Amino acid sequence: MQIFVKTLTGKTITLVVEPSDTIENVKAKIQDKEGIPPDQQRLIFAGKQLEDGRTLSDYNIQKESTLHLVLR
């Protein structure tokens, strides 16, 4: 399973994930890719604000979904 995270400049990060990954796990992967601290990261999927402790499955994030990094 992979997801796409678009940064604030529109750069695409491609991540390998699992349905049970938390948003906090995803923020750690974005930090390794781009050097963005997790506390600087805010993510949305389909208009929903994603919380660190909830999982991809909890938000119905699927293969090939796109998330966005948005302003903190």
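So that there is no doubt, residue numbering starts at 1 and follows the sequence shown.
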### Query
Should the higher mean CA B-factor in the entry be assigned to 41-49 or to 22-30?
41-49
### Message
Please say which third, lowest, middle or highest, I61 falls into when its CA temperature factor is compared across its chain.
### Response
middle
### Query
Comparing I3 with the other modelled residues of its chain, is its CA B-factor in the lowest, middle or highest third?
lowest
### Task
Please rank the C-alpha B-factors of the chain's modelled residues and tell me whether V70 sits in the lowest, middle or highest third.
middle
### Query
In terms of the CA temperature factor given in the entry, to which third of its chain does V17 belong: lowest, middle or highest?
lowest
